Amino acid sequence: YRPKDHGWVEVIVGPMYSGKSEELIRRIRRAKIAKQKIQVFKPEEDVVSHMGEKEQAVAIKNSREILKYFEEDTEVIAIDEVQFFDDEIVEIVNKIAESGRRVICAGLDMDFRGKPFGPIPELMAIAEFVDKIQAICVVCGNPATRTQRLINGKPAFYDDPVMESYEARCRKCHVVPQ
Amino acid sequence: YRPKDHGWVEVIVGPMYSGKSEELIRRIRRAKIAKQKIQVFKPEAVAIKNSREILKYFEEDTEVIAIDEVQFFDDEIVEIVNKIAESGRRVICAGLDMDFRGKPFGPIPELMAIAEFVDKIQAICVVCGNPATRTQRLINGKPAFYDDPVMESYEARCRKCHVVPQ
Ligand SMILES: Nc1ncnc2c1ncn2[C@@H]1O[C@H](COP(=O)(O)OP(=O)(O)O)[C@@H](O)[C@H]1O
Ligand SMILES: Nc1ncnc2c1ncn2[C@@H]1O[C@H](COP(=O)(O)OP(=O)(O)O)[C@@H](O)[C@H]1O
Ligand SMILES: [Zn+2]
Ligand SMILES: [Zn+2]
C-alpha cells in the first residue's frame, strides 16, 4: 500500500489535549527521516504540543494561501489546527492527494458545545485514514472525548459567544447548559 | 472504560464491499453473547423510514442500538443517536462515507465528528488490488458522470483507479 505517486489524506482528530499536535509532529519527523520533503502549515510560526515538542511551520491566514506557499517539490503536506480554516481547505486537500502527495490534517472534531467543528467532519468523510484520539478526563480519569469550556470555573452556556479556561472531559462529565 | 450506563457512539464507514455489514453483524453477535439486549434498524432487524421513527420502536429495555446504511437517513439521525448515547446506551452506526462521485454522503461527516469510535475500513480494488476506498458506479461498464441522477453496477476502487468524469 501507499505506493509512490499515489496520494491520500489522513486525519488526526480529538478534543483539546488529546495529543493531535504531538502525533502530527511525530509523523512530521518520521517523514523527514524517510527523506520526504514536507511543508507544515498552521493558521495565524511553530506547531507546538502541550507536552513539549515543536516543529517549524509556515503560518497562513487562510486555506488559499496553502497553494501559494506550495512547492511542487514537496511530497508531504502537514496542517495543524484545521478546525479554523474555511471549507475550501477540503477541495484543496483533496486536490493535493489526487496529485499523488500525502496530506496530514489535525484538528478538533467538535467545539465546546459538542457540535461538529468546521471542515473536520467533511475531511473525515473523504480521508483514507482517520484516527480519533482521546485525552484523559480531568474529572473522572476515563478517556476524554470532549473539550470543556469554563468561565469563572463554571461551564459556559450553549448560546454563549466568544476568567475562561479549557479542559478535556468524557461524555458523562462534559457539561453544556442550554 | 465504558462502564455500566456510560453511553457512546461508534461508526463503521468505508466504500461498498469494505465489510461494513460483516463488521456490524459481528458486533451484534458479540453483544448477544455478552447478554445485552439489542435493536437493529435500517432505512428499510427492523426496517424503518425516517430517523424520527427510531424513537418510536425504541424499547427502554435495550442496551445496544445498531443502525445500518446510515448515510440514507436525514440529518436528524445525528441528534437521535447522540440522545441515545447520552441516555447511557451504545449506538453502532454503519454507512458509506462518500457517494459514487466521492462526495461526503449525507449525515456521515457529522456522525463521524460526534462519534467516540470511528473505524474507516477498506475493500479491495477490483482494478489493481490495492485497498479500495471509493465506490465506483458503472453504466454499461463505463464510469458514471458527476451529474448522473439515480445496465448499472457498483464496485470498489482505489483513489487512483476511481474514475468520475465531469
Ligand atoms: N486532560 C488531559 N489529557 C491528556 N493529556 C493531557 C491533558 N491535560 C494535559 N495533557 C498533556 O498535554 C499533551 C497534549 O498534546 P497536544 O498535542 O498539545 O494536544 P492537542 O494538539 O490534541 O490539543 C499530552 O501529551 C499530555 O502530556
Ligand atoms: N472488491 C471487493 N473487496 C472486498 N471484498 C469484496 C469485494 N467484492 C466482494 N467482496 C466480498 O464481499 C464482502 C463484503 O462485506 P459487506 O459487509 O457486505 O460489505 P459492505 O456492508 O461494506 O458493503 C467481503 O467480505 C468479500 O468476501
Ligand atoms: Zn469523566
Ligand atoms: Zn486500484
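Numbered from 1 within each chain, the chains take letters A, B, ... in sequence-line order.
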Participant: Determine whether B:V40 and B:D68 make a side-chain contact, defined as any pair of heavy atoms from C-beta on separated by less than 4.5 Å.
Facilitator: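 The answer is no, as the side chains (C-beta and beyond) never meet within the 4.5 Å cut-off.
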
Participant: State, yes or no, whether a side-chain contact exists between A:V176 and A:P155 at a heavy-atom distance under 4.5 Å.
Facilitator: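 They are not in side-chain contact.
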
Participant: Determine whether a donor-acceptor pair (N or O, by modelled atom type, separation under 3.5 Å) exists between the side chain of B:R2 and the backbone of B:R90.
Facilitator: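 Not at all, since once roles are kept as given, no pair shorter than 3.5 Å links the two residues.
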
Participant: Main chain of A:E65, side chain of A:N62: is a donor-acceptor contact present, judged purely on distance under 3.5 Å?
Facilitator: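 Between the backbone of A:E65 and the side chain of A:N62 there is a qualifying donor-acceptor contact (under 3.5 Å).
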
Participant: Does B:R101 use its side chain to pair, donor to acceptor, with the backbone of B:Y146 at less than 3.5 Å?
Facilitator: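 Indeed, once roles are kept as given, a pair shorter than 3.5 Å links the two residues.
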
Participant: Starting from A:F85, can I reach A:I96 by hopping between I/L/V/M/F/W/Y residues whose side chains sit under 4.5 Å apart?
Facilitator: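 As far as the 4.5 Å side-chain criterion goes, A:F85 and A:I96 are connected within one cluster.
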
Participant: Please check: side-chain N/O of A:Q148 versus main-chain N/O of A:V175, any donor-acceptor pairing under 3.5 Å?
Facilitator: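 Side chain of A:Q148 to backbone of A:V175: a pair is present.
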
Participant: Main chain of A:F112, side chain of A:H174: is a donor-acceptor contact present, judged purely on distance under 3.5 Å?
Facilitator: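 Here the side-chain-to-backbone pair exists.
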
Participant: Please name the residue in the list B:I25, B:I12, B:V11 that meets the side chain to side chain contact (heavy atoms under 4.5 Å, CB included) test with B:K20.
Facilitator: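 It is B:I12; the other options fail the test.
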
Participant: Hey, what's the ring geometry for B:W8 with B:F117, parallel, tilted or perpendicular (30° and 60° as the breaks)?
Facilitator: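 Aromatic pair B:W8/B:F117 classed perpendicular.
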
Participant: Within a radius of less than 6.0 Å around CD of A:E44, do more than 12 heavy atoms belonging to other residues, nucleotides or ligands occur?
Facilitator: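 Atom CD in A:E44 is packed in, count exceeds 12.
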
Participant: Search all heavy atoms of A:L24 against all heavy atoms of A:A106 and return the closest pair with its distance.
Facilitator: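 The pair with the smallest heavy-atom distance is CD2-CB, 4.0 Å.
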
Participant: Could you tell me the separation between the CD1 atom of A:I28 and the OG atom of A:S21, rounded to the nearest 0.5 Å?
Facilitator: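 It comes to 9.0 Å.
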
Participant: In terms of heavy-atom contacts, does CZ of B:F145 have more than 12 from other residues, nucleotides or ligands at under 6.0 Å?
Facilitator: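 No - once you tally the heavy atoms of other residues, nucleotides and ligands closer than 6.0 Å, there are 12 at most.
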
Participant: Over 60° means perpendicular and under 30° means parallel, so tell me whether B:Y57 and B:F41 are parallel, tilted or perpendicular.
Facilitator: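 The arrangement is perpendicular - the two ring planes meet at more than 60°.
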
Participant: Look at the side chain of B:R52 and the backbone N and O of B:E76, then say whether any donor-acceptor pair between them is shorter than 3.5 Å.
Facilitator: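 Such a contact is absent between B:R52 side chain and B:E76 backbone.
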
Participant: Is the CZ atom of A:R29 crowded by more than 12 outside heavy atoms at less than 6.0 Å?
Facilitator: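 Counting other residues, nucleotides and ligands, CZ of A:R29 exceeds 12 neighbours.
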
Participant: A:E81 and A:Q83: side-chain contact (heavy atoms from CB on, under 4.5 Å), yes or no, with the steps?
Facilitator: CA-CA 6 Å; A:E81 299 178 57; A:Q83 69 279 3; 4.1 Å; yes

Participant: Tell me if the CD atom of A:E72 is crowded by more than 12 foreign heavy atoms within 6.0 Å.
Facilitator: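 Count not over threshold, so no.
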
Participant: Is the shortest heavy-atom distance from the side chain of B:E10 to the side chain of B:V91 under 4.5 Å?
Facilitator: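 Answer no - side chains too far apart.
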
Participant: In the structure I gave you, are the side-chain heavy atoms of A:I151 and A:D160 within less than 4.5 Å of one another anywhere?
Facilitator: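 A side-chain contact exists here, since the closest heavy-atom pair is under 4.5 Å.
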
Participant: So which heavy atom on A:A97 is nearest to which on A:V9, and how close?
Facilitator: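 What the structure gives for the nearest pair is CB-CG2, 3.7 Å.
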
Participant: Between A:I60 and A:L67, is there shared hydrophobic-cluster membership here, with clusters defined by ILVMFWY side-chain heavy atoms closer than 4.5 Å?
Facilitator: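 Same cluster.
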
Participant: Rounded at 0.5 Å granularity, tell me how far NZ in A:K115 sits from CG in B:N82.
Facilitator: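 CG of B:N82 is found 9.5 Å from NZ of A:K115.
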
Participant: Short question: side chain of B:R89, backbone of B:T62 - any donor-acceptor pair under 3.5 Å?
Facilitator: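 Answer holds: yes.
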
Participant: Return the minimal non-hydrogen interatomic distance between A:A144 and A:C137, and the atom names on each side.
Facilitator: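 Smallest heavy-atom distance, with atoms named: CB-N, 3.4 Å.
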
Participant: Is there a side-chain contact (heavy atoms from CB on, under 4.5 Å) between B:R137 and B:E152? Walk through the geometry before answering.
Facilitator: CA-CA 7 Å; B:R137 180 185 178 188; B:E152 183 174 353; 2.8 Å; yes

Participant: How long is the span from the CG atom in B:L111 to the CG atom in B:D97, to the nearest 0.5 Å?
Facilitator: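 Reported to 0.5 Å precision, the distance equals 12.0 Å.
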
Participant: Taking a hydrophobic cluster as the set of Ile, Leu, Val, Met, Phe, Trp and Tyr residues connected by side-chain heavy atoms closer than 4.5 Å, whether directly or through intermediates, do B:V118 and B:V81 fall within one such cluster?
Facilitator: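 Per the 4.5 Å side-chain linkage, B:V118 and B:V81 are co-clustered.
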
Participant: Test side-chain contact (heavy atoms from CB on, under 4.5 Å) on A:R171 and B:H6; report intermediate values, then the result.
Facilitator: CA-CA 8 Å; A:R171 169 186 289 266; B:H6 286 56; over 6 Å; no

Participant: Can you confirm whether A:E22 sits close enough to A:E53 that some side-chain heavy atom of one is under 4.5 Å from a side-chain heavy atom of the other?
Facilitator: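 Contact flag for A:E22/A:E53 side chains = no.
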
Participant: Are side-chain N/O atoms of A:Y1 and A:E128 paired as donor and acceptor at under 3.5 Å?
Facilitator: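 The answer is no; no qualifying pair exists.
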
Participant: Any chance you could measure B:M98, atom CE, to B:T135, atom OG1, to the nearest 0.5 Å?
Facilitator: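 Here the rounded value is 8.5 Å.
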
Participant: For B:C161 and B:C158, is the interatomic SG distance under 2.5 angstrom?
Facilitator: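 Looking at B:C158 and B:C161, their sulfur gamma atoms lie closer than 2.5 Å, so the answer is yes.
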
Participant: Any donor-acceptor pair under 3.5 Å linking the side chain of A:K132 with the backbone of B:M112?
Facilitator: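 The answer is yes, because a donor-acceptor pair under 3.5 Å joins these two groups.
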
Participant: Could you check A:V82, A:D87, A:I92, A:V90 and say which one makes a side chain to side chain contact (heavy atoms under 4.5 Å, CB included) with A:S63?
Facilitator: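 The single option meeting the side chain to side chain contact (heavy atoms under 4.5 Å, CB included) with A:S63 is A:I92.
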
Participant: Hey, is A:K32 close enough to A:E55 for a salt bridge, meaning N to O under 4.0 Å?
Facilitator: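 A salt bridge is present here (some side-chain N lies under 4.0 Å from a carboxylate O).
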
Participant: Within this structure, what is the CD1-CD1 distance for the pair B:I65 and B:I38, rounded to the nearest 0.5 Å?
Facilitator: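 It comes to 7.5 Å.
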
Participant: Taking it one step at a time, do B:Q122 and B:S18 satisfy side-chain contact (heavy atoms from CB on, under 4.5 Å)?
Facilitator: CA-CA 5 Å; B:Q122 320 166 297; B:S18 65; 5.6 Å; no

Participant: Please find the pair of heavy atoms, one from A:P116 and one from B:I114, that lie closest to each other, and give the distance.
Facilitator: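 Closest heavy-atom pair between A:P116 and B:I114: CG-CG2, 3.9 Å.
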
Participant: Ignoring hydrogens, what is the shortest heavy-atom contact between B:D74 and B:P107? Give both atom names and the distance.
Facilitator: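 Nearest pair, atom of B:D74 first, then B:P107: O-CG, 4.2 Å.
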
Participant: Got a donor-acceptor contact below 3.5 angstrom from the B:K160 side chain to the A:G7 backbone?
Facilitator: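 Checked: no pair found.
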
Participant: Determine the minimum heavy-atom distance between B:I124 and B:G129, stating which atoms define it.
Facilitator: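 Here B:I124 and B:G129 meet closest at CG2-O, 3.8 Å.
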
Participant: Strictly below 4.0 Å, N to O, side chains only: are B:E23 and B:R27 in salt-bridge contact?
Facilitator: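 Yes, charged N to carboxylate O under 4.0 Å.
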
Participant: Does atom NZ of A:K37 have more than 12 heavy-atom neighbours from other groups under 6.0 Å away?
Facilitator: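 Yes, because the 6.0 Å sphere around NZ of A:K37 holds more than 12 heavy atoms from other groups.
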
Participant: Hydrophobic cluster membership, with links at side-chain heavy-atom distances under 4.5 Å among I/L/V/M/F/W/Y: are B:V46 and B:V64 in one?
Facilitator: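 No.
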
Participant: Salt-bridged, A:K95 to A:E91, with N to O below 4.0 Å?
Facilitator: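 Looking at A:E91 together with A:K95, the answer is yes, because their closest N to O distance falls below 4.0 Å.
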
Participant: Does atom CE of A:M51 have more than 12 heavy-atom neighbours from other groups under 6.0 Å away?
Facilitator: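 For A:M51, atom CE is crowded (more than 12 foreign heavy atoms under 6.0 Å).
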
Participant: For residues A:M16 and A:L150: do they belong to one hydrophobic cluster (side chain heavy atoms under 4.5 Å, members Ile, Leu, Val, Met, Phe, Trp, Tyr)?
Facilitator: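 Shared cluster, no.
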
